[PDB]
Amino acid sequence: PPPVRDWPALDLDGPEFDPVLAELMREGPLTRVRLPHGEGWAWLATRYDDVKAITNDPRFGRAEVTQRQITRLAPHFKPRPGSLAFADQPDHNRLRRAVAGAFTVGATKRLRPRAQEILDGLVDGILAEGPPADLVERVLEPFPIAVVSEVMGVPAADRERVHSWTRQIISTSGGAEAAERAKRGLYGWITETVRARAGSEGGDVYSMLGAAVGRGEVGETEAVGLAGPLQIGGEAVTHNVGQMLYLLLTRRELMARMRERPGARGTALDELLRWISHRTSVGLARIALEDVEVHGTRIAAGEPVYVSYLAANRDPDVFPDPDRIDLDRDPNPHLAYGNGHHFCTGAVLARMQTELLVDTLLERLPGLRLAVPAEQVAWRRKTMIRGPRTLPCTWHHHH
């Protein structure tokens, strides 16, 4: 059995691959890791084939994780009922069916025009005020929240209440207790919002959810846990695109390639998704439910195991010269959105936003460049999702 390896919290103000994770990928297909918080250790799968398998093995469950204190990145661990993340079948399917209809390909295309308008409105503002602008604050953070709220069904006077609260995603750390305070507000709002609508119609997430509760399909108590993650989910788009833009802004050649292929950025965006280190650590582990062996290692029942989609996305057997951003790849089967039944609920929605963002920013901010040296951009620390805290930019305004 392999020796327990410590995996400290990453402190790197850049998009570079975590050297600690690299050192693990080369130690073997499976390694035991100990994260900053929680108890003990857990197995870690680095091979694409192994990740894709475990991620799809009925023998590994998520529900059990809620019953323990598996080594994790954060010190705070309080699972909620209704969580898609911690849902095993048949509950997972039950829960998702109540909201899935709002995130389908069709719903997303229907939504695109409204999203473009919301995005153009945000871009109008910075163009009107003039050059100096922090794109994270003025575009990457508010755009997703506005679109998701649209999908969720937030009224109008509630928009600012929900946005402000959601800001509990923090810009790194503006408190902690203030984070639990804000959720005590947002979650109470979700519960009440859902209580009402309990019988109403509309493809609306909160509407549909409230309707599903009135029929005892996804009973109350499960509302917050099921919907919270969705309402806050936009943060992933904010930081993943912040990273994409950072690369475009610090590696001029990438910006150039991007600018030369309007209407054909599909492979470029998927290559950035494959290469970008989206998270600072591993997400939620899965629990062995019946003593299994993987890629030559034996995992005893009850033992936890994390998969690394990042490491997987760099597997030399699936992606030749994995550390190079060559864009245009063959199909490119990266696992940026996960795999299995826990595949990202908002993948399609997140993609539509990403494409709008990149297309609209490149066309509407002529001569876009960082307004400060990249070295001056600090990154999010002590949190799951990685990315630039700010992105000070400037662009052509006038003679």
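We number the residues from 1 along the sequence you see.
Comparing 67 to 75 with 142 to 150, the stretch with the higher mean C-alpha B-factor in the PDB entry is 67 to 75. Stretch comparison (155 to 163 versus 204 to 212) by mean CA B-factor in the PDB entry places 155 to 163 on top.
In the PDB entry, the Cα temperature factor peaks, among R110, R329, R274, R259, at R329. By the numbers in the PDB entry, the CA B factor is greatest at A179 among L230, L127, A179, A115. Ranked within its chain, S308 lands in the middle third, by CA B factor from the PDB record. The deposited CA B-factor of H342 belongs to the middle third of values across its chain. Ranked against the other modelled residues of its chain, the C-alpha B-factor of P333 as given in the entry falls in the middle third. Among the modelled residues of the chain, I170 sits in the highest third by CA temperature factor in this PDB entry.
Ranked against the other modelled residues of its chain, the C-alpha B-factor of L44 as given in the entry falls in the middle third.
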